[PDB]
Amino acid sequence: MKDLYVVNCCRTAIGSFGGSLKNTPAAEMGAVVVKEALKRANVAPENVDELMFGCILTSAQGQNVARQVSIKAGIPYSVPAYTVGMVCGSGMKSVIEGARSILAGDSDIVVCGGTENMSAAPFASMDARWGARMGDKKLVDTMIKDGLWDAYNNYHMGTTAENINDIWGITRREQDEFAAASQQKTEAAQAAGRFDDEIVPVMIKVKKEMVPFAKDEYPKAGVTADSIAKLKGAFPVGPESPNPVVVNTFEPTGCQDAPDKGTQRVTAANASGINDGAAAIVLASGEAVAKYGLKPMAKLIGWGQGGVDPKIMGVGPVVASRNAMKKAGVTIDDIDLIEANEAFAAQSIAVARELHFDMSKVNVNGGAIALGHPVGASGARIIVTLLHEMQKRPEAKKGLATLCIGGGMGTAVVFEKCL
């Protein structure tokens, strides 16, 4: 009963940038998944003690998106809520914060998760308030600025991915095979309806009729490594060119030499996308599961965080997964299924070499290169996808979910399936 359980969880289908969910605000996407997750979990909204929700592109969305999600989902005014800002890890950080609240004795049921409408993030003028005076100024893209730009080195997350390519020695062909496998796996998962259970529909406007949006929009069919071998690079390499200078918070073991070192290898095809979507997780103590007769999907048996140099933020999961697995008392050989978010094939390859992933166990339904990456939500999204596939596989008894975080961190969670 001192244990922690995910009772149920679900996710929207993920929209393309400018696509089907562009007109569905983050708070509304969040409310859909929270109401549905409570429903499937058979938990009354008024028995929720707190809602914690990740969302980072909060510009002009009003006071406290998490509270907006909570109230719009039907949770009473008496239930507090707050917004979790940990860049791409926000949706998973909410789970860690919910778990801590329960273990501290402050709550027994916490709604966890995240939401992000990247399409809807606005442009900002820093000069308009007190005056431009004279001379052209900038309209800042808050999506790039707050979501995809490193605050300490003044370049894009894609340039940190090129840093990882140089330090770890990752060829362009390896990244393209990684991205091609991801699309191929998602195409197979979509043709099998593997996401049907975990997806909740969102009603969107198409002309004058409300229509359900319930299938992931971003995947591309017929993707091979060769077909994407001819794209140009999307990001500049780091100013430190083939030998970035970083401070290591762990000692890498999977570093090799590659012939394309110091050239553009990250492309639109081998990186994740910019996307819209949401995901919700109902977290409960054993006391709550027993008092309300709940039927949880899985026991949360460990969680972890990590910090790394911002220049190479994409290996955050290495520390975070190590901390979580040790709190769970397990090794990578005890893990049956893995969801390691595909921020970039560059960092995903590096993390897998460091953690000695068995690729046959990783992202078995494809990852964010195919499915998309709504930054504030994906940390919860990959948990949703992990737990549903474990539910499908009799033998998949322990799962790991982890993802990298802009600014140089990672989060990770380890689960044991319930039966």
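Residue positions are given as counts along the sequence shown, with the first one as 1.
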{"item": "Greater mean Cα temperature factor according to the PDB record, 158 to 166 or 114 to 122", "value": "158 to 166"}
{"item": "Stretch with the higher entry mean CA B-factor, where the candidates are 68 to 76 and 217 to 225", "value": "217 to 225"}
{"item": "Out of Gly105, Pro201, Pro236, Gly89, residue topping the C-alpha B-factor column of the entry", "value": "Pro236"}
{"item": "Options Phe250, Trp303, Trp130, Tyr152 - largest CA temperature factor per the record", "value": "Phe250"}
{"item": "B-factor third for the C-alpha atom of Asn42 within its chain", "value": "middle"}
{"item": "Within-chain third of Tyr82 by Cα B-factor, per the entry", "value": "lowest"}
{"item": "Where the record places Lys93 (Cα B-factor, split into thirds across the chain)", "value": "lowest"}
{"item": "Third of the chain's Cα B-factor distribution that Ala271 belongs to, per the entry", "value": "middle"}
{"item": "Ranked C-alpha temperature factor of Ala26 among modelled chain residues, by third", "value": "lowest"}
